[PDB]
file input-v4.cif (mmCIF, C-alpha atoms and all ligand atoms)
data_final
#
loop_
_atom_site.label_atom_id
_atom_site.label_comp_id
_atom_site.auth_asym_id
_atom_site.auth_seq_id
_atom_site.Cartn_x
_atom_site.Cartn_y
_atom_site.Cartn_z
CA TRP A 120 4.37 -32.66 -33.44
CA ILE A 121 6.91 -33.63 -30.76
CA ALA A 122 7.52 -29.98 -29.86
CA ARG A 123 3.79 -29.30 -29.68
CA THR A 124 2.81 -32.30 -27.56
CA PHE A 125 5.83 -32.75 -25.27
CA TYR A 126 7.54 -29.37 -24.81
CA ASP A 127 7.03 -25.61 -24.41
CA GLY A 128 8.55 -22.45 -25.84
CA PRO A 129 11.83 -20.80 -24.87
CA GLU A 130 9.98 -18.01 -23.05
CA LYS A 131 8.85 -20.28 -20.21
CA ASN A 132 12.30 -21.63 -19.34
CA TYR A 133 13.90 -18.22 -19.94
CA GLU A 134 11.62 -16.37 -17.54
CA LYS A 135 11.63 -19.20 -15.00
CA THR A 136 15.42 -18.96 -14.97
CA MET A 137 15.09 -15.20 -14.49
CA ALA A 138 12.84 -15.72 -11.46
CA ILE A 139 15.03 -18.49 -10.00
CA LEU A 140 18.17 -16.36 -10.35
CA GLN A 141 16.44 -13.39 -8.73
CA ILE A 142 15.34 -15.49 -5.73
CA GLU A 143 18.76 -17.08 -5.29
CA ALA A 144 20.62 -13.76 -5.51
CA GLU A 145 18.30 -12.26 -2.90
CA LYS A 146 18.93 -15.25 -0.63
CA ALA A 147 22.70 -14.85 -1.04
CA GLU A 148 22.70 -11.15 -0.18
CA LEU A 149 20.36 -11.85 2.75
CA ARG A 150 22.78 -14.46 4.11
CA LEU A 151 25.74 -12.07 3.86
CA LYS A 152 23.79 -9.26 5.54
CA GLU A 153 22.65 -11.65 8.28
CA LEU A 154 26.22 -12.72 9.02
CA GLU A 155 27.38 -9.10 9.23
CA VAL A 156 24.46 -8.17 11.49
CA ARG A 157 25.27 -11.08 13.82
CA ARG A 158 28.90 -9.98 13.99
CA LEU A 159 27.92 -6.41 14.86
CA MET A 160 25.36 -7.42 17.50
CA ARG A 161 27.74 -9.86 19.18
CA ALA A 162 30.50 -7.24 19.16
CA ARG A 163 28.50 -4.35 20.62
CA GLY A 164 25.53 -5.99 22.30
CA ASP A 165 23.21 -3.09 21.50
CA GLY A 166 20.80 -5.24 19.50
CA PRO A 167 18.01 -7.64 20.45
CA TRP A 168 20.37 -10.59 20.02
CA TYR A 169 23.11 -11.80 22.37
CA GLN A 170 21.40 -10.14 25.33
CA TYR A 171 22.82 -11.66 28.50
CA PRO A 172 20.89 -11.30 31.76
CA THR A 173 21.81 -8.81 34.47
CA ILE A 174 20.51 -8.55 38.02
CA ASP A 175 16.90 -7.39 38.19
CA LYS A 176 16.64 -4.06 40.03
CA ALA A 177 13.15 -4.81 41.37
CA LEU A 178 14.87 -7.10 43.90
CA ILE A 179 16.53 -4.15 45.67
CA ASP A 180 14.94 -3.14 48.97
CA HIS A 181 14.56 0.64 49.28
CA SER A 182 13.89 1.09 53.00
CA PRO A 183 15.66 2.37 56.11
CA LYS A 184 18.24 -0.23 57.10
CA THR A 185 18.70 0.15 60.89
CA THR A 186 21.73 2.30 60.05
CA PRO A 187 21.62 5.71 58.34
CA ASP A 188 24.55 4.91 56.02
CA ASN A 189 22.96 1.78 54.48
CA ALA B 2 -17.14 -46.47 63.07
CA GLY B 3 -17.25 -49.91 64.66
CA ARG B 4 -14.12 -51.12 62.88
CA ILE B 5 -12.35 -47.84 63.70
CA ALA B 6 -13.39 -48.18 67.35
CA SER B 7 -12.10 -51.76 67.40
CA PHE B 8 -8.80 -50.67 65.85
CA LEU B 9 -8.35 -47.81 68.33
CA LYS B 10 -9.15 -50.08 71.28
CA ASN B 11 -6.74 -52.74 70.00
CA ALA B 12 -3.97 -50.17 69.51
CA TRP B 13 -4.54 -48.45 72.87
CA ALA B 14 -3.69 -51.86 74.32
CA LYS B 15 -0.13 -53.16 73.73
CA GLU B 16 0.83 -49.99 71.80
CA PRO B 17 -0.02 -47.01 74.06
CA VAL B 18 3.15 -45.04 73.29
CA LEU B 19 2.44 -44.91 69.55
CA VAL B 20 -1.21 -43.97 70.15
CA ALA B 21 -0.18 -41.14 72.47
CA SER B 22 2.50 -39.90 70.07
CA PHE B 23 0.15 -39.88 67.08
CA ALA B 24 -2.58 -38.14 69.09
CA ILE B 25 -0.17 -35.46 70.34
CA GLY B 26 1.25 -34.86 66.86
CA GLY B 27 -2.21 -34.63 65.33
CA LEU B 28 -3.27 -32.13 67.98
CA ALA B 29 -0.10 -30.10 67.38
CA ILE B 30 -0.98 -29.98 63.68
CA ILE B 31 -4.71 -29.25 63.97
CA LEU B 32 -5.14 -27.00 67.02
CA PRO B 33 -3.05 -23.97 65.85
CA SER B 34 -5.39 -23.44 62.88
CA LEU B 35 -8.34 -23.02 65.28
CA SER B 36 -6.90 -21.03 68.20
CA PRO B 37 -7.90 -17.34 68.33
CA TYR B 38 -4.65 -16.36 70.10
CA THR B 39 -2.40 -17.03 67.09
CA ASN B 40 -3.17 -13.59 65.64
CA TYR B 41 -2.44 -12.18 69.09
CA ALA B 42 1.00 -13.81 68.93
CA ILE B 43 1.58 -12.35 65.46
CA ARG B 44 0.58 -8.90 66.72
CA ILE B 45 2.88 -9.24 69.74
CA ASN B 46 5.75 -10.12 67.41
CA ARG B 47 4.91 -7.09 65.26
CA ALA B 48 4.93 -4.78 68.30
CA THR B 49 8.53 -5.64 69.28
CA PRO B 50 10.72 -2.75 68.05
CA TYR B 51 14.18 -4.06 67.18
CA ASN B 52 15.14 -1.06 65.05
CA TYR B 53 14.96 2.70 65.43
CA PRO B 54 11.67 4.09 64.04
CA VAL B 55 12.90 6.46 61.34
CA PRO B 56 10.80 9.65 61.31
CA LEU B 57 9.09 10.77 58.12
CA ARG B 58 9.57 14.23 56.64
CA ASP B 59 6.40 16.24 57.23
CA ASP B 60 4.82 17.58 54.04
CA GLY B 61 1.55 19.05 55.33
CA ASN B 62 -0.53 16.05 54.18
CA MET B 63 0.11 13.51 56.97
CA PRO B 64 -2.76 13.69 59.49
CA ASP B 65 -2.54 10.08 60.73
CA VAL B 66 1.20 10.36 61.46
CA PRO B 67 1.92 11.75 64.95
CA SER B 68 4.28 14.61 65.62
CA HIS B 69 5.02 13.37 69.16
CA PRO B 70 4.65 9.91 70.75
CA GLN B 71 2.30 11.38 73.36
CA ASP B 72 -0.10 12.36 70.57
CA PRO B 73 -3.31 10.28 70.32
CA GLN B 74 -2.75 9.37 66.67
CA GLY B 75 -0.56 6.34 66.07
CA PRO B 76 -0.67 2.66 67.01
CA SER B 77 -1.50 1.82 70.62
CA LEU B 78 -0.57 -1.09 72.88
CA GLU B 79 -3.57 -1.16 75.22
CA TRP B 80 -4.59 -4.58 73.89
CA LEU B 81 -1.12 -5.78 74.88
CA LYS B 82 -1.39 -4.28 78.37
CA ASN B 83 -4.81 -5.83 78.98
CA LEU B 84 -3.46 -9.24 77.91
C1 LIG A 201 6.79 -41.74 -36.05
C2 LIG A 201 5.92 -41.03 -35.03
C3 LIG A 201 6.29 -41.45 -33.61
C4 LIG A 201 7.65 -40.91 -33.20
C5 LIG A 201 8.12 -41.55 -31.90
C6 LIG A 201 7.47 -40.91 -30.68
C7 LIG A 201 7.52 -41.87 -29.49
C8 LIG A 201 7.72 -41.12 -28.18
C9 LIG A 201 8.06 -42.10 -27.06
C10 LIG A 201 9.10 -41.51 -26.11
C11 LIG A 201 8.52 -40.38 -25.27
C12 LIG A 201 9.61 -39.73 -24.43
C13 LIG A 201 9.01 -38.99 -23.24
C14 LIG A 201 7.96 -37.98 -23.69
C15 LIG A 201 7.08 -37.56 -22.53
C16 LIG A 201 7.87 -36.76 -21.50
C17 LIG A 201 7.08 -36.59 -20.21
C18 LIG A 201 5.91 -35.62 -20.39
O1 LIG A 201 6.41 -34.30 -20.63
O2 LIG A 201 5.11 -36.03 -21.50
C19 LIG A 201 3.72 -35.96 -21.19
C20 LIG A 201 2.96 -36.98 -22.03
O3 LIG A 201 3.45 -38.28 -21.76
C21 LIG A 201 2.50 -39.28 -22.13
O4 LIG A 201 1.23 -38.95 -21.56
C22 LIG A 201 2.95 -40.64 -21.60
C23 LIG A 201 4.04 -41.24 -22.47
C24 LIG A 201 4.26 -42.71 -22.13
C25 LIG A 201 4.84 -43.46 -23.32
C26 LIG A 201 4.84 -44.96 -23.08
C27 LIG A 201 5.15 -45.70 -24.38
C28 LIG A 201 5.33 -47.20 -24.15
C29 LIG A 201 4.06 -47.85 -23.64
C30 LIG A 201 4.02 -49.32 -24.03
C31 LIG A 201 2.75 -49.99 -23.51
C32 LIG A 201 2.40 -51.21 -24.36
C33 LIG A 201 1.09 -51.84 -23.89
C34 LIG A 201 1.33 -52.90 -22.82
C35 LIG A 201 1.85 -54.19 -23.44
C36 LIG A 201 2.02 -55.27 -22.38
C37 LIG A 201 3.19 -34.56 -21.48
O5 LIG A 201 4.12 -33.59 -21.01
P1 LIG A 201 3.61 -32.20 -20.40
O6 LIG A 201 3.82 -32.22 -18.90
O7 LIG A 201 2.24 -31.91 -20.96
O8 LIG A 201 4.62 -31.13 -21.04
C38 LIG A 201 4.44 -29.74 -20.81
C39 LIG A 201 4.48 -28.99 -22.14
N1 LIG A 201 3.21 -29.21 -22.85
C40 LIG A 201 2.09 -28.78 -22.00
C41 LIG A 201 3.21 -28.41 -24.09
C42 LIG A 201 3.06 -30.63 -23.19
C1 LIG A 202 -0.81 -36.32 61.94
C2 LIG A 202 0.23 -36.48 63.05
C3 LIG A 202 1.51 -37.14 62.56
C4 LIG A 202 2.71 -36.74 63.41
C5 LIG A 202 2.72 -37.47 64.75
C6 LIG A 202 3.73 -38.62 64.79
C7 LIG A 202 5.09 -38.17 65.32
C8 LIG A 202 5.92 -39.34 65.83
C9 LIG A 202 5.16 -40.66 65.74
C10 LIG A 202 5.50 -41.45 64.47
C11 LIG A 202 6.85 -42.15 64.58
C12 LIG A 202 7.01 -43.26 63.54
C13 LIG A 202 5.92 -44.32 63.67
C14 LIG A 202 6.23 -45.59 62.88
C15 LIG A 202 5.05 -46.57 62.88
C16 LIG A 202 5.50 -48.03 62.93
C17 LIG A 202 4.67 -48.85 63.92
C18 LIG A 202 4.97 -50.35 63.85
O1 LIG A 202 5.32 -50.84 62.82
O2 LIG A 202 4.84 -51.15 64.99
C19 LIG A 202 4.06 -52.30 64.79
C20 LIG A 202 2.86 -52.32 65.73
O3 LIG A 202 2.36 -51.02 65.90
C21 LIG A 202 1.17 -50.76 65.22
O4 LIG A 202 0.18 -51.35 65.50
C22 LIG A 202 1.13 -49.70 64.11
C23 LIG A 202 0.51 -48.40 64.60
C24 LIG A 202 -0.67 -48.65 65.54
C25 LIG A 202 -1.51 -47.40 65.79
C26 LIG A 202 -0.78 -46.38 66.66
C27 LIG A 202 -1.56 -45.07 66.79
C28 LIG A 202 -2.28 -44.69 65.50
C29 LIG A 202 -3.18 -43.47 65.69
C30 LIG A 202 -3.97 -43.54 67.00
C31 LIG A 202 -4.56 -42.19 67.38
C32 LIG A 202 -4.92 -41.36 66.15
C33 LIG A 202 -5.40 -39.96 66.52
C34 LIG A 202 -6.07 -39.93 67.88
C35 LIG A 202 -7.17 -40.98 68.01
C36 LIG A 202 -7.55 -41.25 69.47
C37 LIG A 202 -8.61 -40.29 69.98
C38 LIG A 202 -8.09 -38.86 70.15
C39 LIG A 202 4.92 -53.54 65.07
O5 LIG A 202 5.62 -53.33 66.27
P1 LIG A 202 7.06 -54.11 66.49
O6 LIG A 202 7.81 -53.48 67.63
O7 LIG A 202 7.88 -54.02 65.23
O8 LIG A 202 6.76 -55.69 66.85
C40 LIG A 202 5.75 -55.99 67.78
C41 LIG A 202 5.21 -57.38 67.47
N1 LIG A 202 6.07 -58.40 68.05
#
call {"tool": "encode", "arguments": {"input": "input-v4.cif", "output": "structure tokens", "more": "lines below"}}
Ligand SMILES: CCCCCCCCCCCCCCCCC[C@@H](O)O[C@H](CO[C@H](O)CCCCCCCCCCCCCCC)COP(=O)(O)OCC[N+](C)(C)C
Ligand SMILES: CCCCCCCC/C=C\CCCCCCCC(=O)O[C@H](COC(=O)CCCCCCC/C=C/CCCCCCCC)COP(=O)(O)OCCN
result
Amino acid sequence: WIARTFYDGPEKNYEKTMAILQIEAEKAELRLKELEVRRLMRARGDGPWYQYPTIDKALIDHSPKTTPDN
Amino acid sequence: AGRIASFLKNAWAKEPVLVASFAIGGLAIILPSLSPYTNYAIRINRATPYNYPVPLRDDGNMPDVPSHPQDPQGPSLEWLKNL
């Protein structure tokens, strides 16, 4: 009676643990990958992250400058 | 109207320097926006060549660009001369 009215079968907890473990393992591997990706992007700078500004080239004036040699 | 006239008459007495200064400053602010010779001054400033006019390479598709200064095509300064 107690088992019927207060508790559930082993399958529920078993498969819930399976799902929880799967989620947590994915989160762990995601964290490790994210750290490695950050290291690579900060080292090389070829990614979208850690992009530091440079001078905009639309500011350059391309016109004769009173002197042939610029 | 009447109060403004009274104020201006009371200030024109015993404070003529301030009245004159405010009138002159107000005129200096307002009048330039209405004068028709301001654009003439801008055009005169544009017509003053400080730099060498660098010629453009002819490519067979430049009819409005002169080949010689004596040519009719190109900007003129007859408006400047008549001024
Ligand atoms: C001899 C026979 C009796 C044996 C003794 C049994 C006495 C049991 C008392 C102790 C109970 C321990 C806790 C049990 C309940 C745990 C919480 C919850 O799980 O129980 C819910 C039920 O709890 C009850 O609704 C409430 C219990 C409250 C007991 C209070 C007792 C004392 C009250 C005294 C009041 C006196 C009147 C006021 C006087 C001033 C149903 O659970 P549920 O989420 O479905 O579980 C999922 C699995 N299912 C679907 C298969 C069930
Ligand atoms: C939009 C134009 C603005 C730019 C022009 C102004 C440039 C320079 C002028 C401003 C300088 C600073 C002015 C500071 C004002 C202080 C005046 C003041 O406090 O003096 C009062 C008195 O002066 C006044 O009444 C205050 C101003 C009075 C009005 C002055 C002219 C206001 C405008 C009049 C003309 C406006 C436009 C033209 C209208 C006329 C028709 C064309 C007290 O005098 P005290 O020496 O301390 O003691 C005397 C008593 N024992």
call {"tool": "residues_near_ligand", "arguments": {"input": "input-v4.cif", "ligand": "ligand LIG 202 (chain A)", "cutoff": "7 Å", "atoms": "only C-alpha atoms and all ligand atoms", "output": "list in words"}}
result
residues 9, 12, 16, 19, 20, 21, 22, 23, 24, 25, 26, 27 and 30 of chain B
call {"tool": "closest_atom_pairs", "arguments": {"input": "input-v4.cif", "of": "chain A", "to": "ligand LIG 201 (chain A)", "cutoff": "7 Å", "atoms": "all atoms listed in the file", "output": "Markdown table"}}
result
| residue | atom | partner | partner_atom | distance |
| --- | --- | --- | --- | --- |
| A:123 | CA | A:LIG201 | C41 | 5.7 |
| A:124 | CA | A:LIG201 | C42 | 4.7 |
| A:125 | CA | A:LIG201 | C42 | 4.1 |
| A:126 | CA | A:LIG201 | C39 | 4.1 |
| A:127 | CA | A:LIG201 | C41 | 4.7 |
call {"tool": "write_last_selection", "arguments": {"input": "input-v4.cif", "atoms": "C-alpha atoms", "output": "PDB file, keeping the file's coordinate frame"}}
result
ATOM      1  CA  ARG A 123       3.790 -29.300 -29.680  1.00  0.00           C
ATOM      2  CA  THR A 124       2.810 -32.300 -27.560  1.00  0.00           C
ATOM      3  CA  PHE A 125       5.830 -32.750 -25.270  1.00  0.00           C
ATOM      4  CA  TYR A 126       7.540 -29.370 -24.810  1.00  0.00           C
ATOM      5  CA  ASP A 127       7.030 -25.610 -24.410  1.00  0.00           C
TER       6      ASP A 127
END
call {"tool": "interface_residues", "arguments": {"input": "input-v4.cif", "of": "chain A", "to": "chain B", "cutoff": "9 Å", "atoms": "all atoms listed in the file", "output": "PyMOL selection string"}}
result
chain A and resi 183-186
call {"tool": "atom_distance", "arguments": {"input": "input-v4.cif", "atom1": "CA of residue 56 in chain B", "atom2": "CA of residue 176 in chain A"}}
result
26.0 Å
call {"tool": "atom_distance", "arguments": {"input": "input-v4.cif", "atom1": "CA of residue 71 in chain B", "atom2": "CA of residue 43 in chain B"}}
result
25.0 Å
call {"tool": "atom_distance", "arguments": {"input": "input-v4.cif", "atom1": "CA of residue 164 in chain A", "atom2": "CA of residue 152 in chain A"}}
result
17.2 Å
call {"tool": "build_atoms", "arguments": {"input": "input-v4.cif", "residues": "range 30-47 of chain B", "atoms": "N, CA, C and O atoms", "output": "JSON list (two decimals), in the coordinates of the input"}}
result
[["chain", "number", "residue", "atom", "x", "y", "z"],
["B", 30, "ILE", "N", -0.73, -30.44, 65.05],
["B", 30, "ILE", "CA", -0.98, -29.98, 63.68],
["B", 30, "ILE", "C", -2.30, -29.22, 63.60],
["B", 30, "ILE", "O", -2.37, -28.14, 63.01],
["B", 31, "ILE", "N", -3.36, -29.76, 64.19],
["B", 31, "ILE", "CA", -4.71, -29.25, 63.97],
["B", 31, "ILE", "C", -5.00, -28.00, 64.81],
["B", 31, "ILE", "O", -5.49, -27.00, 64.29],
["B", 32, "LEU", "N", -4.71, -28.06, 66.11],
["B", 32, "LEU", "CA", -5.14, -27.00, 67.02],
["B", 32, "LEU", "C", -4.68, -25.59, 66.64],
["B", 32, "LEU", "O", -5.48, -24.65, 66.81],
["B", 33, "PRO", "N", -3.45, -25.35, 66.17],
["B", 33, "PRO", "CA", -3.05, -23.97, 65.85],
["B", 33, "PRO", "C", -3.95, -23.28, 64.84],
["B", 33, "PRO", "O", -4.13, -22.06, 64.92],
["B", 34, "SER", "N", -4.52, -24.03, 63.89],
["B", 34, "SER", "CA", -5.39, -23.44, 62.88],
["B", 34, "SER", "C", -6.72, -22.97, 63.45],
["B", 34, "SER", "O", -7.45, -22.26, 62.76],
["B", 35, "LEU", "N", -7.06, -23.36, 64.69],
["B", 35, "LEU", "CA", -8.34, -23.02, 65.28],
["B", 35, "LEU", "C", -8.23, -22.06, 66.46],
["B", 35, "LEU", "O", -9.25, -21.49, 66.87],
["B", 36, "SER", "N", -7.04, -21.88, 67.03],
["B", 36, "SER", "CA", -6.90, -21.03, 68.20],
["B", 36, "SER", "C", -7.06, -19.56, 67.81],
["B", 36, "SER", "O", -6.54, -19.13, 66.78],
["B", 37, "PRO", "N", -7.77, -18.77, 68.62],
["B", 37, "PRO", "CA", -7.90, -17.34, 68.33],
["B", 37, "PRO", "C", -6.74, -16.49, 68.84],
["B", 37, "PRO", "O", -6.71, -15.29, 68.55],
["B", 38, "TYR", "N", -5.79, -17.09, 69.56],
["B", 38, "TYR", "CA", -4.65, -16.36, 70.10],
["B", 38, "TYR", "C", -3.44, -16.37, 69.18],
["B", 38, "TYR", "O", -2.42, -15.77, 69.53],
["B", 39, "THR", "N", -3.52, -17.04, 68.03],
["B", 39, "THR", "CA", -2.40, -17.03, 67.09],
["B", 39, "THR", "C", -2.19, -15.64, 66.50],
["B", 39, "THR", "O", -1.05, -15.17, 66.38],
["B", 40, "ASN", "N", -3.28, -14.96, 66.14],
["B", 40, "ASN", "CA", -3.17, -13.59, 65.64],
["B", 40, "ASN", "C", -2.66, -12.66, 66.73],
["B", 40, "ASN", "O", -1.95, -11.69, 66.44],
["B", 41, "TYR", "N", -3.00, -12.95, 67.99],
["B", 41, "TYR", "CA", -2.44, -12.18, 69.09],
["B", 41, "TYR", "C", -0.93, -12.36, 69.17],
["B", 41, "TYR", "O", -0.20, -11.40, 69.42],
["B", 42, "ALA", "N", -0.44, -13.58, 68.94],
["B", 42, "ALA", "CA", 1.00, -13.81, 68.93],
["B", 42, "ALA", "C", 1.67, -13.08, 67.77],
["B", 42, "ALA", "O", 2.75, -12.50, 67.93],
["B", 43, "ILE", "N", 1.03, -13.08, 66.60],
["B", 43, "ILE", "CA", 1.58, -12.35, 65.46],
["B", 43, "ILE", "C", 1.65, -10.86, 65.77],
["B", 43, "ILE", "O", 2.65, -10.20, 65.47],
["B", 44, "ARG", "N", 0.59, -10.31, 66.37],
["B", 44, "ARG", "CA", 0.58, -8.90, 66.72],
["B", 44, "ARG", "C", 1.64, -8.57, 67.76],
["B", 44, "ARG", "O", 2.28, -7.51, 67.70],
["B", 45, "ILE", "N", 1.84, -9.46, 68.74],
["B", 45, "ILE", "CA", 2.88, -9.24, 69.74],
["B", 45, "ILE", "C", 4.25, -9.23, 69.09],
["B", 45, "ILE", "O", 5.11, -8.41, 69.44],
["B", 46, "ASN", "N", 4.48, -10.13, 68.13],
["B", 46, "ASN", "CA", 5.75, -10.12, 67.41],
["B", 46, "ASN", "C", 5.92, -8.85, 66.60],
["B", 46, "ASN", "O", 7.04, -8.33, 66.47],
["B", 47, "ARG", "N", 4.83, -8.33, 66.03],
["B", 47, "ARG", "CA", 4.91, -7.09, 65.26],
["B", 47, "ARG", "C", 5.22, -5.88, 66.14],
["B", 47, "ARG", "O", 5.83, -4.92, 65.67]]
